[PDB]
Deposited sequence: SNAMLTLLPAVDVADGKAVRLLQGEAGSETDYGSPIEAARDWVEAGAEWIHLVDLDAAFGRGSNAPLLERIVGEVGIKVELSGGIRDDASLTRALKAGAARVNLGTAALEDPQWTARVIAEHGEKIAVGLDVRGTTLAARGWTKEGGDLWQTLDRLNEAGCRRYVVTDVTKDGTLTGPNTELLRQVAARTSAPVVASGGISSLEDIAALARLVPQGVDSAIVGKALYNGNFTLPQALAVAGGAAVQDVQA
C-alpha cells in the first residue's frame, strides 16, 4: 500500500497551531481545529494525526475539543498528547480513536507501557521524539528504548526529529532508515517535511518499513495542498503535481 499521509491537527489553547522545534511558546495560530480537521477530510485524507499539545506539555488539556473532532470525522484518527495512564488511555479509546500514541509514558512507565501494548495491540503506537540519539519528553537513549519496546511487542513507532519539526528543512531520512532497520514494526515519519519532493522521498521508504508520514507545517504554510501531497504519496510525479 502507498505511503499513508496523516495531516496533523495540533491543538493548543483551543486553536490549531504549529510549533517550531517542538518548543512550547513557539506557536503559530491557524484558527479552528475542527475546521482544519474538516478540511483534511474533504481533501481525501484517510487519517488525521490529532495532538493535544497542552496535555503533551503537562500543562492543561483540550480533551473535549479533541473528542468532538474524533467523533465528527468519519475517518481514522491517531490521537496523541497526555496519554499516560489508564484513565487517559480509556478516555482516548472511548472517544473513538483508531490509534493512540504514547510518548512520555513509554519512557517514564515502562511497565505500564508494556501492559498497554499487550492489551491493545494495533491501537497503540509509541512516539519517539529524538534529538540526536536522545529522547525528549514534552528522556533516555533512543536505541536502548527501541530495543525494550520491541521486546514488549510495540506494533508501531512515530519517529520525530525534534530539531527538524516545523522547520521546513526536510525530514531526517537517515534517522528514519536507522530506526526502521532496527524494528519489524512500521514507522511513521514526522518532522521537517517541506516539499512534494520530500513526500516522494518518503514514499520510496515504504519498502523499508516507513509506511506513513505526518505532515504539519508544510500544509498550514500553504507549500502544497493536501490533495497535491496525497497525489505524490500515491505515485503522481512531483513535476506534474507542482502548481
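Unmodelled regions of the deposited sequence, numbered from residue 1: 1-2, 141-145.
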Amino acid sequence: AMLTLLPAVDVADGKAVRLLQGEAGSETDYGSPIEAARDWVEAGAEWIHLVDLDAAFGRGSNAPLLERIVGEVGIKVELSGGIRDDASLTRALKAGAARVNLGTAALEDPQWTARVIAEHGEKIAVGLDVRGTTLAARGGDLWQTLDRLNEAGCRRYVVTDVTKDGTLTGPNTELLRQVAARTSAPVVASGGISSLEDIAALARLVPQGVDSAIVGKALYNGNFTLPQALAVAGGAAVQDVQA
From here on, numbers count along this sequence of modelled residues.
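Relative to its counterpart among 37-45 and 24-32, 24-32 has the higher mean temperature factor, C-alpha atoms as listed in the PDB entry. Higher mean CA B-factor, judged across 141-149 and 125-133 from the recorded values: 141-149. Between the residues 243, 3, 6, 236, the entry's highest C-alpha temperature factor is the one at 243. When the C-alpha B factors of 156, 164, 99, 120 are read from the deposited coordinates, the top value falls at 120. In the deposited entry, the Cα temperature factor of residue 186 places it in the middle third of its chain's modelled residues. Ranked by C-alpha B-factor against the other modelled residues of its chain, residue 58 falls in the highest third. For residue 77, the recorded CA temperature factor ranks within the lowest third of the chain's modelled residues.
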